[PDB]
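What follows is one chain in structure tokens, specifically the form deposited in one PDB entry.
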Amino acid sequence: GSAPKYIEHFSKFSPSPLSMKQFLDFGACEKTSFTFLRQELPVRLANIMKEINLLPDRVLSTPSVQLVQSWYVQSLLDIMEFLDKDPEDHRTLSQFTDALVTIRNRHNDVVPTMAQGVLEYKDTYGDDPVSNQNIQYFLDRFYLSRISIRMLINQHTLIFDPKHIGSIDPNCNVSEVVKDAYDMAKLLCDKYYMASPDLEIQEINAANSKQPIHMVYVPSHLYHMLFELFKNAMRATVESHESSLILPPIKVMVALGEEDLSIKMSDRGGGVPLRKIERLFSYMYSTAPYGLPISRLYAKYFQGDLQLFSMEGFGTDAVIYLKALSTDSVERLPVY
């Protein structure tokens, strides 16, 4: 086989970050999407695969890692087939879309698969701070890499099968996504607890006092994050007030500035002490025999962040920081 040679070849290129703008303007440009995707997916696959291989033989040789490594090898090769094919042959295009689908389905379970490797490492070698910083370093990178691959793939398969441009909404109403995510979390909250905090939403459009706040974003990434946040805020609120009557609302604010769009979600669930806040974001210290960390990645992915600060004995605030302008929303990608 050729795999390690290909990996070596394509790992000399640097993956290429795109912006929301460049992502929009892509969506008949199917020849052009293809000729781009056939270089770039291998680049991105090569690069992360190269980094998997820098892991110590004690990690590298465990079943989890070796399995997901087998998926990446097949996906690379799967796309190799197409390096010398013909962009003008409308059935070459037709069967590449099929090929991307099969790849997206080969990888659906990397999250819980890798989670197994964390779990085995944890009982196999220990949960020390140094192990943990490396797991953290590796997984933020790997999962961020993966997020971008799916972004590429979803943009192609959705556009090449009028308002939304595949997974991007160029007029995303942020309150709307807030309410939806809330409704859904509230549904689960009512099932498992038979009580649930209300929602208040206020907007602050700096430049434009009374216009509803819209942006260019990938709404499902935003739903993902809001949803996680609402689950956490509901849990704490409900459970901190079991012996008590009153049940405080979850208060969200959506602020729109010159460069940030920010979303705060304040609760009164009684908080977390400063010392325990880092762990909530740790893959290792929160795996036990998508999550905060992964929500944060989604924010980081287009130059955003997702930050927690608590007041122990009162509650927790959670901010999602996003770039307001499409021009500032550019993929954050790791490189070998």
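The first residue of the sequence shown is number 1, and the count goes up from there. Rigid core here is just the name for the largest C-alpha set that superposes within 1.5 Å across the two forms.
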Query raised in the report: Relative to the other compared entries, is residue 270 without coordinates in a third or more of them?
Result: no
Query - At least a third of other PDB entries omit residue 288 - result: yes
Query raised in the report: Relative to the deposited sequence, how many residues with no modelled coordinates occur between residue 289 and residue 290 (none, 1 to 3, 4 to 9, 10 or more)?
Result: 10 or more
Report summary line: Gap between residue 27 and residue 28, counted in deposited residues with no coordinates, falls in the class 1 to 3
Report summary line: Entry B factor averaged over C-alpha atoms, 304-312 against 277-285: higher for 277-285
Requested in this report: Name the higher of the two by mean Cα B-factor in the PDB entry, 87-95 versus 236-244.
Outcome: 87-95
Query raised in the report: Per the coordinate record, which of the options 130, 222, 252, 256 holds the highest CA temperature factor?
Result: 130
Query raised in the report: Which has the highest CA B-factor per the PDB entry: 150, 141, 231, 210?
Result: 210
Query raised in the report: In terms of the chain's CA B-factor thirds, is residue 101 lowest, middle or highest?
Result: highest
Requested in this report: Divide the modelled residues of the chain into thirds by Cα B-factor and specify which third, lowest, middle or highest, holds residue 192.
Outcome: highest
Query raised in the report: Lowest, middle or highest third: where is residue 214 by Cα B-factor in its chain?
Result: middle
Report summary line: Among the modelled residues of its chain, the C-alpha B-factor of residue 161 falls in the third labelled highest
Query raised in the report: With respect to C-alpha B-factor, does residue 44 fall in the lowest, middle or highest third of the chain as deposited?
Result: middle
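FYI, the form deposited in another entry isn't displayed, but the following is about it.
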Report task. Please look at 200, 190, 128, 183 and say which one has a C-alpha shift reaching 2 Å or more between the shown form and the other one, core superposed. Result -> 128
